[PDB]
Structure formats: C-alpha cells, structure tokens
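A.B. asks: Pasting in a structure now, in structure tokens, and then I'll have a few things to ask.
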Amino acid sequence: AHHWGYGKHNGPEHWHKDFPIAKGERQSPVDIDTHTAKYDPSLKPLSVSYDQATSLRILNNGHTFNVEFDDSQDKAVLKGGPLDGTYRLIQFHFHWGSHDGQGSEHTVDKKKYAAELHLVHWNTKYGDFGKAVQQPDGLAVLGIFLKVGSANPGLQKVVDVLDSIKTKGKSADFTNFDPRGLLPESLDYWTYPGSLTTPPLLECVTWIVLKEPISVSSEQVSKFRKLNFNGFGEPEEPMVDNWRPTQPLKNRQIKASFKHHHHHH
Ligand SMILES: [Zn+2]
C-alpha cells in the first residue's frame, strides 16, 4: 500500500524515504527562469496531432483525476520539438490548489498558476507505458498552465462529469472528448529533462511546458476542489494542493523554442 500523498505526514518532503530518487539530479517540477532558459534554434516545431484522439474513461486515482485514452495506435501523438520519434497520448490529469493563487507544479520566474494540465505520452519504440517509464527517453509530458479568467469551453465536458468520480477509485465512461480544446493558440514552449512529479518519481520525462496558459473560470477550478482524496466510506479529505514544489535544477539546461523578452541575442 502507498504511504505517500500530499499531507503533512506523507507529502513531498517524505517521499524520498520510499523513493530515494526524489533527491535525484533530474527531478520535476522546476522553476523556469526565463533569462537563463536560452533560445535554442536547434529545436524543431512541436507537432501535436490530436485529431484522432480516442478518450475512454475518467478516473479518480486518489491523488488527481485522469482522462485515459486508447493508446493502441498512433491516433493522438506528440512529435517534433526536442523529441526523437513518436509519443502516444495515454492520459491527461491536473494539479490544483486550495485557492486560485497556487496549484501549478512548474513556476515561471517564481510565479504560480491556479492549476496545471499534464498530457502524458509514451515513446512508441518501447511498446507500452510500463516499458517506457523505465527509460530516460520514455515519456514526453506536455504541461499547460491554467490561468483564472473566462470559462473555458474545452474544459466544460470534463468539469461536468466530476461529480460522478468524487472519491478515490471511482471511474466513469468518458468517450469523444477532444483534447484539442485544451491547447492554447501558441505552441511556443520551454523544454528540459526531468521526472514524474509523483512517486515513483522516475527520471524518464522530456518536459515540454507551453508558454501561453489556457483560461479557466473560478467556478470551473472550484469543481476540481470538490473531488476527494479519500475513498467511499472513509472520512472526507478534499482533493486540493496536489502539487509537488519545485525542485533543484542542478546541472540541467532549460531551452526555449522562442525568443523571450528576457533574452537579448
Ligand atoms: Zn502531473
């Protein structure tokens, strides 16, 4: 059974006891210092091809909710940018706060957002997700910030079903969801090598964090907070503040796909 979670007694500062890689050299999330994250003209444009994405179900796993996809074919794939090869979309999930002032995992010049979306993809050369997570180039995660403002129609179908998966272990059918509705206008991004942000914290991720946030209304984010960490028949623990703090960058370089206002040359 997992001891780990987000509370005082089992949260991120405890995770290294069961997962010593928590103190590794390539841990995520990180703060993105936009001065030092330099433009790299070697990076190719990102290709986010979700027109054939096939969603299957939505699940409360006790630490977030996941929308799962059929990853048996190259329907919904991420390619280009820093990536070698083709990465299949397997699921997306979110991290959010107890209030609108926090909840993202990555920060941008120390600024937090109300929530962060992670679209998780695995490298097709390895045959399945379980194999891919064992390899440094196994996963690519597209991270997208959520900024409070106008309601986002692309999120509404997700929010509308959350009352059916309130507690850990509950799932529901969730077909025909189009993840194209969760992408901002611009695909400008930062990229760096890192890790899963939950246990087992494996250093298997090429992170691609988009510069432009997508909108979310305060009401929409509030529905995330109605989910529960606990399972049915247990005392209620609101699912809030399911984000890991930023971790030391160590010797890594964050690269920008675009010229930022803090760059010069
Ligand atoms: Zn995540």
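The way I read the labels, and the way they are meant: chains A, B, ... in the order of the structure tokens, residue 1 as the first residue of every chain, and ligand 1 as the first ligand shown, with later ones counted on from there.
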Taking the DSSP assignment computed from this structure's backbone, write out as a VMD selection string all residues of range 69-239 of chain A that belong to strand (DSSP E).

C.D. replies: chain A and resid 69 77 to 80 87 to 96 107 to 108 115 to 123 139 to 148 171 to 173 189 to 194 205 to 210 214 to 216

A.B. asks: Got time to write the residues from that selection, N, CA and C atoms, as a compact mmCIF listing (two decimals), in the first residue's frame?

C.D. replies:
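So the final result, stored in out15.txt, reads:
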# COMPACT_ATOMS: atom_id res chain seq x y z
N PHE A 69 -6.92 7.48 -22.54
CA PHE A 69 -7.09 7.38 -23.99
C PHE A 69 -6.65 6.01 -24.49
N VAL A 77 -0.82 11.76 -31.03
CA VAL A 77 0.62 11.67 -30.89
C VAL A 77 1.25 13.04 -30.80
N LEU A 78 2.35 13.07 -30.07
CA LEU A 78 3.25 14.21 -29.94
C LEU A 78 4.56 13.86 -30.64
N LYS A 79 5.04 14.77 -31.48
CA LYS A 79 6.30 14.61 -32.21
C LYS A 79 6.96 15.98 -32.34
N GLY A 80 8.17 15.99 -32.85
CA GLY A 80 8.87 17.24 -33.11
C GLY A 80 9.43 17.84 -31.84
N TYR A 87 5.40 9.85 -29.86
CA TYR A 87 4.95 9.61 -28.49
C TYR A 87 3.42 9.63 -28.46
N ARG A 88 2.82 8.54 -27.96
CA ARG A 88 1.38 8.37 -27.93
C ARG A 88 0.76 8.91 -26.65
N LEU A 89 -0.35 9.61 -26.81
CA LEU A 89 -1.09 10.11 -25.66
C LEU A 89 -1.74 8.95 -24.91
N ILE A 90 -1.48 8.84 -23.61
CA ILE A 90 -2.09 7.81 -22.78
C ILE A 90 -3.12 8.38 -21.80
N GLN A 91 -2.83 9.52 -21.20
CA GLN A 91 -3.77 10.15 -20.27
C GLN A 91 -3.37 11.60 -20.05
N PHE A 92 -4.33 12.38 -19.55
CA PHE A 92 -4.04 13.69 -19.01
C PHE A 92 -4.66 13.82 -17.62
N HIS A 93 -4.06 14.68 -16.82
CA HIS A 93 -4.56 14.98 -15.48
C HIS A 93 -4.12 16.38 -15.09
N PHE A 94 -4.57 16.82 -13.92
CA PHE A 94 -4.34 18.19 -13.46
C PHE A 94 -3.76 18.18 -12.05
N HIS A 95 -3.14 19.31 -11.70
CA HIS A 95 -2.73 19.67 -10.36
C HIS A 95 -3.32 21.04 -10.07
N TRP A 96 -3.81 21.22 -8.85
CA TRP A 96 -4.51 22.45 -8.50
C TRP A 96 -4.38 22.71 -7.00
N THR A 107 6.71 26.68 -12.15
CA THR A 107 6.56 28.12 -11.97
C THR A 107 7.39 28.82 -13.04
N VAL A 108 7.02 30.06 -13.33
CA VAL A 108 7.68 30.87 -14.36
C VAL A 108 8.15 32.12 -13.65
N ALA A 115 -3.68 26.22 -11.70
CA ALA A 115 -3.68 24.79 -11.98
C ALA A 115 -2.72 24.54 -13.13
N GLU A 116 -2.41 23.27 -13.35
CA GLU A 116 -1.54 22.85 -14.43
C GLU A 116 -2.05 21.53 -14.98
N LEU A 117 -2.14 21.44 -16.30
CA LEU A 117 -2.54 20.25 -17.02
C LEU A 117 -1.29 19.54 -17.52
N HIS A 118 -1.25 18.22 -17.35
CA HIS A 118 -0.20 17.36 -17.89
C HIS A 118 -0.81 16.36 -18.85
N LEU A 119 -0.42 16.44 -20.14
CA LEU A 119 -0.76 15.46 -21.17
C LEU A 119 0.43 14.51 -21.31
N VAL A 120 0.23 13.25 -20.94
CA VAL A 120 1.30 12.28 -20.79
C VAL A 120 1.34 11.36 -22.00
N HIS A 121 2.52 11.24 -22.59
CA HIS A 121 2.74 10.49 -23.81
C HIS A 121 3.95 9.58 -23.64
N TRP A 122 3.90 8.39 -24.29
CA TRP A 122 4.99 7.43 -24.21
C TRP A 122 5.56 7.10 -25.58
N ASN A 123 6.87 6.81 -25.59
CA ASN A 123 7.65 6.65 -26.81
C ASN A 123 7.34 5.29 -27.43
N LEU A 139 9.07 8.99 -21.81
CA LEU A 139 7.86 9.80 -21.77
C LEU A 139 8.12 11.22 -22.23
N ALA A 140 7.08 11.81 -22.78
CA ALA A 140 7.04 13.24 -23.05
C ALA A 140 5.77 13.78 -22.42
N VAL A 141 5.91 14.83 -21.61
CA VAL A 141 4.76 15.40 -20.93
C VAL A 141 4.61 16.82 -21.40
N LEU A 142 3.43 17.11 -21.93
CA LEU A 142 3.13 18.47 -22.31
C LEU A 142 2.44 19.14 -21.12
N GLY A 143 3.04 20.19 -20.58
CA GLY A 143 2.49 20.91 -19.44
C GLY A 143 1.89 22.22 -19.90
N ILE A 144 0.67 22.50 -19.44
CA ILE A 144 -0.09 23.67 -19.84
C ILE A 144 -0.65 24.34 -18.59
N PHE A 145 -0.36 25.62 -18.42
CA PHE A 145 -0.84 26.35 -17.27
C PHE A 145 -2.30 26.76 -17.47
N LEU A 146 -3.04 26.81 -16.35
CA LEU A 146 -4.42 27.30 -16.32
C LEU A 146 -4.42 28.61 -15.57
N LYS A 147 -4.90 29.65 -16.23
CA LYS A 147 -4.99 30.98 -15.67
C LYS A 147 -6.45 31.37 -15.46
N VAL A 148 -6.79 31.82 -14.25
CA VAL A 148 -8.18 32.16 -13.96
C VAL A 148 -8.63 33.33 -14.82
N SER A 171 -14.69 5.69 -11.33
CA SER A 171 -14.41 5.94 -12.73
C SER A 171 -15.74 6.00 -13.47
N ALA A 172 -15.70 6.55 -14.67
CA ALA A 172 -16.88 6.69 -15.49
C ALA A 172 -16.46 6.68 -16.95
N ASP A 173 -17.36 6.18 -17.79
CA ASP A 173 -17.16 6.29 -19.23
C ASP A 173 -16.96 7.74 -19.62
N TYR A 189 7.26 27.01 -26.37
CA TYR A 189 7.46 26.16 -25.20
C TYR A 189 8.87 26.29 -24.65
N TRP A 190 9.02 25.82 -23.41
CA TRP A 190 10.31 25.51 -22.79
C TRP A 190 10.42 23.99 -22.65
N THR A 191 11.65 23.47 -22.70
CA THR A 191 11.85 22.03 -22.55
C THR A 191 13.08 21.71 -21.72
N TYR A 192 12.98 20.66 -20.91
CA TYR A 192 14.12 20.22 -20.12
C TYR A 192 13.90 18.74 -19.76
N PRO A 193 14.98 18.01 -19.45
CA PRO A 193 14.85 16.62 -18.99
C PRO A 193 14.50 16.57 -17.52
N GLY A 194 13.47 15.80 -17.19
CA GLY A 194 13.05 15.65 -15.80
C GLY A 194 12.38 14.35 -15.48
N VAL A 205 11.31 11.64 -18.25
CA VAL A 205 10.41 12.59 -18.90
C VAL A 205 11.19 13.67 -19.65
N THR A 206 10.86 13.85 -20.94
CA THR A 206 11.11 15.09 -21.66
C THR A 206 9.92 16.02 -21.42
N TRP A 207 10.16 17.08 -20.64
CA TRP A 207 9.14 18.06 -20.31
C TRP A 207 9.06 19.10 -21.40
N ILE A 208 7.84 19.39 -21.84
CA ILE A 208 7.56 20.43 -22.79
C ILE A 208 6.47 21.29 -22.15
N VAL A 209 6.83 22.47 -21.66
CA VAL A 209 5.92 23.35 -20.91
C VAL A 209 5.58 24.54 -21.81
N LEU A 210 4.30 24.68 -22.14
CA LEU A 210 3.88 25.75 -23.04
C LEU A 210 3.91 27.10 -22.34
N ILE A 214 -3.85 28.41 -20.78
CA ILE A 214 -5.25 28.39 -21.18
C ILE A 214 -6.07 28.97 -20.04
N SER A 215 -7.26 29.46 -20.36
CA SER A 215 -8.13 30.07 -19.36
C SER A 215 -8.91 28.99 -18.60
N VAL A 216 -9.36 29.36 -17.41
CA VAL A 216 -10.29 28.56 -16.63
C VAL A 216 -11.09 29.55 -15.80

A.B. asks: Hey, what's within 10 Å of residue 186 in chain A if we count only C-alpha atoms and toss same-chain stuff fewer than 4 positions away? As a PDB file with N, CA, C and O atoms, in the first residue's frame, please?

C.D. replies:
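Done, and the output landed in selection_23.pdb:
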ATOM      1  N   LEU A 210       4.296  24.679 -22.144  1.00  0.00           N
ATOM      2  CA  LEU A 210       3.882  25.746 -23.038  1.00  0.00           C
ATOM      3  C   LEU A 210       3.915  27.099 -22.343  1.00  0.00           C
ATOM      4  O   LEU A 210       3.538  27.235 -21.178  1.00  0.00           O
ATOM      5  N   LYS A 211       4.387  28.089 -23.091  1.00  0.00           N
ATOM      6  CA  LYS A 211       4.449  29.467 -22.612  1.00  0.00           C
ATOM      7  C   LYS A 211       3.065  30.061 -22.334  1.00  0.00           C
ATOM      8  O   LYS A 211       2.873  30.760 -21.335  1.00  0.00           O
ATOM      9  N   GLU A 212       2.098  29.834 -23.219  1.00  0.00           N
ATOM     10  CA  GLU A 212       0.815  30.508 -23.111  1.00  0.00           C
ATOM     11  C   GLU A 212      -0.141  29.676 -22.268  1.00  0.00           C
ATOM     12  O   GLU A 212      -0.352  28.503 -22.568  1.00  0.00           O
ATOM     13  N   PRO A 213      -0.735  30.233 -21.222  1.00  0.00           N
ATOM     14  CA  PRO A 213      -1.713  29.464 -20.442  1.00  0.00           C
ATOM     15  C   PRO A 213      -3.037  29.377 -21.185  1.00  0.00           C
ATOM     16  O   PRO A 213      -3.311  30.136 -22.118  1.00  0.00           O
TER      17      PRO A 213
END

A.B. asks: Do you have the CA of residue 106 in chain A-CA of residue 178 in chain A distance handy?

C.D. replies: 24.5 Å

A.B. asks: Between A:160, A:43, A:129, A:152, single out the one closest to residue 218 in chain A, counting only C-alpha atoms.

C.D. replies: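 For residue 218 in chain A, the nearest of the given residues is A:152.
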
A.B. asks: Within 12 Å of residue 238 in chain A, counting only C-alpha atoms, which residues qualify if same-chain residues fewer than 6 places away don't, as a list in words?

C.D. replies: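 These residues fall inside the cut-off: residues 6, 7, 62, 63, 64, 96, 97, 98, 166, 167, 168, 222, 223, 224, 225, 226, 227, 228, 229, 230 and 231 of chain A.
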
A.B. asks: Identify which of the residues A:163, A:40, A:234, A:241 lies closest to residue 99 in chain A, counting only C-alpha atoms when measuring atom-to-atom distances.

C.D. replies: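 Using only C-alpha atoms, residue 99 in chain A sits closest to A:241.
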
A.B. asks: Counting only C-alpha atoms and all ligand atoms, which residue out of A:253, A:176, A:42, A:104 sits closest to ligand 1?

C.D. replies: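 Among A:253, A:176, A:42, A:104, it is A:104 that comes nearest to ligand 1.
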
A.B. asks: With only C-alpha atoms as the atoms that count, which of A:19, A:246, A:48, A:74 lies nearest to residue 127 in chain A?

C.D. replies: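 Smallest distance to residue 127 in chain A is found for A:74.
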
A.B. asks: With distances taken over only C-alpha atoms and all ligand atoms, which residue among A:169, A:131, A:28, A:52 lies nearest ligand 1?

C.D. replies: A:28

A.B. asks: Looking only at helix (DSSP H, G or I) from DSSP on the backbone, list the matching residues of range 45-138 of chain A as an NGL selection string.

C.D. replies: :A and (124-126 or 129-132)

A.B. asks: Write a file of the just-selected residues containing N, CA, C and O atoms, as an mmCIF file, in the first residue's frame.

C.D. replies:
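Produced file out-v4.cif, reproduced below:
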data_model
loop_
_atom_site.group_PDB
_atom_site.id
_atom_site.type_symbol
_atom_site.label_atom_id
_atom_site.label_comp_id
_atom_site.auth_asym_id
_atom_site.auth_seq_id
_atom_site.Cartn_x
_atom_site.Cartn_y
_atom_site.Cartn_z
ATOM 1 N N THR A 124 6.850 5.308 -28.679
ATOM 2 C CA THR A 124 6.395 4.080 -29.317
ATOM 3 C C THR A 124 7.498 3.075 -29.562
ATOM 4 O O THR A 124 7.182 1.914 -29.845
ATOM 5 N N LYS A 125 8.764 3.453 -29.477
ATOM 6 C CA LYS A 125 9.760 2.418 -29.668
ATOM 7 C C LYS A 125 9.763 1.406 -28.524
ATOM 8 O O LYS A 125 10.243 0.282 -28.719
ATOM 9 N N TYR A 126 9.166 1.729 -27.376
ATOM 10 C CA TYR A 126 9.177 0.832 -26.235
ATOM 11 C C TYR A 126 7.924 -0.006 -26.076
ATOM 12 O O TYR A 126 7.876 -0.821 -25.148
ATOM 13 N N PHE A 129 3.478 1.762 -22.004
ATOM 14 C CA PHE A 129 3.834 2.752 -20.997
ATOM 15 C C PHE A 129 4.747 2.162 -19.921
ATOM 16 O O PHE A 129 5.718 2.800 -19.508
ATOM 17 N N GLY A 130 4.439 0.952 -19.449
ATOM 18 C CA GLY A 130 5.222 0.363 -18.377
ATOM 19 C C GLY A 130 6.672 0.152 -18.761
ATOM 20 O O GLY A 130 7.569 0.277 -17.924
ATOM 21 N N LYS A 131 6.915 -0.227 -20.016
ATOM 22 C CA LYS A 131 8.286 -0.309 -20.514
ATOM 23 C C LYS A 131 8.918 1.077 -20.654
ATOM 24 O O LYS A 131 10.084 1.273 -20.284
ATOM 25 N N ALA A 132 8.162 2.042 -21.182
ATOM 26 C CA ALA A 132 8.702 3.365 -21.465
ATOM 27 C C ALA A 132 9.162 4.068 -20.197
ATOM 28 O O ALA A 132 10.171 4.778 -20.219
#

A.B. asks: In Å, with one decimal, what is the gap from CA of residue 263 in chain A to CA of residue 103 in chain A?

C.D. replies: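 CA of residue 103 in chain A lies at a distance of 27.4 Å from CA of residue 263 in chain A.
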